[PDB]
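Okay, structure first, notes after.
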Amino acid sequence: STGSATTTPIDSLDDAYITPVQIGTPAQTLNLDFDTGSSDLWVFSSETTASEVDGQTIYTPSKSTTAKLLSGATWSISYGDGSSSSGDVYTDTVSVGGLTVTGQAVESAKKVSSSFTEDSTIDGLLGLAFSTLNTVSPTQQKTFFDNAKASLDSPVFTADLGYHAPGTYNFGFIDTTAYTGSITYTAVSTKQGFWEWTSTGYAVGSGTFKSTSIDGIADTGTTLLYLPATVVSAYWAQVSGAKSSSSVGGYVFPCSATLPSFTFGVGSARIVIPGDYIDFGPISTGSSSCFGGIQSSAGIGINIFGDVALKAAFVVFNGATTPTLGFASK
């Protein structure tokens, strides 16, 4: 089997991407944030504290003839950005782009933090990291991909995120029309439960490539590119007037600037992030200070190849017995 679904930016900055997902019988369609940095499929629901729902579409398990309470199971997750959610668990039928999993754990939120409430466009998350990170207790549950894998034509999914435009998540096949040149594959460590890999270096604008190993995670659920302070300083030094602002929470730059590109290495291959992808716009409405899309990972504890990086590539998440990651230009 295969599946193919369009993923759409939630706003004009590409802060996140939503993908429609069918849950239950008859189908209830919710728009979920596909997150290769976590491993829980959780939804706003009829059980979510009413004051914490503001415009989201909810899953109502009592209206699904295939929903079953997973008795005794609870979940609770905290994300890198400080947000969180928790609740109980149902199993139900879940379909993405024509690919159906029966008996998928659907984690129903009883509580969500303010960041989730305040984002009316995201109805929940669909985790695509390794199932070892799943938070369901006392019986850990599998991700949608893990459940689907054996049925797939090939044990892969691909992320093809757009810049200010829709893109695609495919399951079970590699669309050879969706990228240019060849796909370069690179090793993955699953030791921390992430799609963790080592970039071979970077360049800023038309500058020379610096060969240096940068360990980090491919994370569709993180907006920006978070890299070591040395790398980030080298980038922003090429933008007149750019500075790190403790008050704003990272690097800012004059909105009048033209940003240089940023290149990262995948083996001997190179992925180029155009400068415009690094512009996250005014820090507040009407400001002439703009927020940068490359930020320091210092104090996160890990480097994160988030959407800024991934949307410059066609990315293969290869879930074969020994997982790997593939990157192509597009």
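Every residue, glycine as well, gets a Cβ built from its backbone with ideal geometry; the counts of neighbours run over all protein chains shown. Any read-out appearing in this document is the output of simple, stated calculations on the displayed coordinates, not a laboratory observation.
With θ taken as phi - 60° and the Karplus curve 6.51 cos²θ - 1.76 cosθ + 1.60 applied, the whole-hertz 3J(HN,Hα) list for segment 97-103 is x, x, 9, 10, 10, 8, x Hz, x standing for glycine and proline. Between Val266 and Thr200, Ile271, the built amide H atoms are under 5 Å apart, and every one of these is 5 or more places off in sequence or on another chain. When only the Cβ of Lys, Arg, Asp and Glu is charged (+1, +1, -1, -1), the dipole of the chain relative to its Cα centre reaches about 640 debye.
Beyond 28 Å in Cα-Cα separation lie the following of the pairs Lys142/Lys311; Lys111/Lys330; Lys210/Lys330; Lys243/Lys330; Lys111/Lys149: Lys111/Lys330; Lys243/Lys330; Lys111/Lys149. Its Cα centre serving as origin, segment 175-330 has a Cβ charge dipole (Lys and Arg +1, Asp and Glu -1) of approximately 220 debye. Across segment 120-130, computed HN-Hα scalar couplings (Karplus, 6.51 cos²θ - 1.76 cosθ + 1.60, θ = phi - 60°) run 5, 7, 10, 8, x, 10, 10, x, 10, 7, 7 Hz from first to last residue, x flagging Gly and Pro.
Only Cα pairs under 8 Å and at least 6 apart count here; give the relative contact order of segment 203-282 as a rounded whole percent. Mind dumping the intermediate values first?
Values: 71 pairs, mean separation 21.1, N = 80.
After rounding, I find 26 percent.
What is the Cα centroid distance between segment 283-297 and segment 139-188, reported in whole angstrom? Segment 283-297 and segment 139-188 have Cα centres spaced 31 Å from each other. A Förster radius of 45 Å combined with the Cβ-Cβ distance from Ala298 to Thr65 puts the calculated FRET efficiency at roughly 0.35.
Kindly put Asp175, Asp33 in sequence by how many other C-beta atoms sit within 10 Å of each C-beta, fewest to most.
If I rank by nearby Cβ atoms, fewest first, I get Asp175, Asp33.
For segment 5-174, taking Cα atoms only, Rg and Dmax work out to 14.8, 43 Å respectively.
Computed from the Cβ-Cβ distance with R0 of 30 Å, the FRET efficiency linking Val272 to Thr190 stands at 0.60.
In angstrom, the C-alpha Rg and Dmax of segment 129-182 are 14.5, 46. Please find, in a Gaussian network model of the chain (springs between Cα atoms separated by less than 10 Å), the residue of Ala234, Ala218, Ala309 whose mean-square fluctuation is greatest. Per the Cα network of the chain with a 10 Å cutoff, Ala234 tops the list. The dipole here belongs to segment 5-174: it is taken about the Cα centre, uses +1 on the Cβ of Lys and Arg and -1 on the Cβ of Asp and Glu, and is about 660 debye.
Given the rule -39500 (n - 2.57) for each run of at least 4 DSSP H residues, summed and divided by the residues of the chain, what is its mean residue ellipticity at 222 nm, to the nearest 500 deg cm²/dmol?
Numbers: 4 runs with 21 residues, N = 330.
So the calculated ellipticity at 222 nm is -1500 deg cm²/dmol.
Once backbone amide H atoms are built at 1.01 Å from N, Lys110 has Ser86, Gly87, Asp88 as its partners under 5 Å, excluding neighbours fewer than 5 places away on the same chain. Residue-wise HN-Hα couplings along segment 31-48, as the Karplus relation 6.51 cos²θ - 1.76 cosθ + 1.60 with θ = phi - 60° gives them from phi, are 9, 10, 8, 6, 10, 6, x, 8, 9, 10, 9, 10, 9, 4, 8, 5, 9, 5 Hz; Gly and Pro carry x. Each Cα pair under 8 Å and six or more residues apart adds its separation to the average, and for the chain the resulting relative contact order is 19 percent. A convex hull fitted around the alpha carbon atoms of the chain yields 130 Å³ per residue.
By the count of neighbouring beta-carbon atoms within 10 Å, fewest first, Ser1, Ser85 end up ordered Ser1, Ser85. For a paramagnetic label modelled on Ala257 (point 7 Å from Cα along Cα→Cβ), amide N atoms under 13 Å away belong, within segment 197-234, to 205, 232-234. Exposure proxy ranking for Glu107, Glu196, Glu118, based on other Cβ atoms within 10 angstrom of each Cβ and starting from the fewest, stands as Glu118, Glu196, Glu107.
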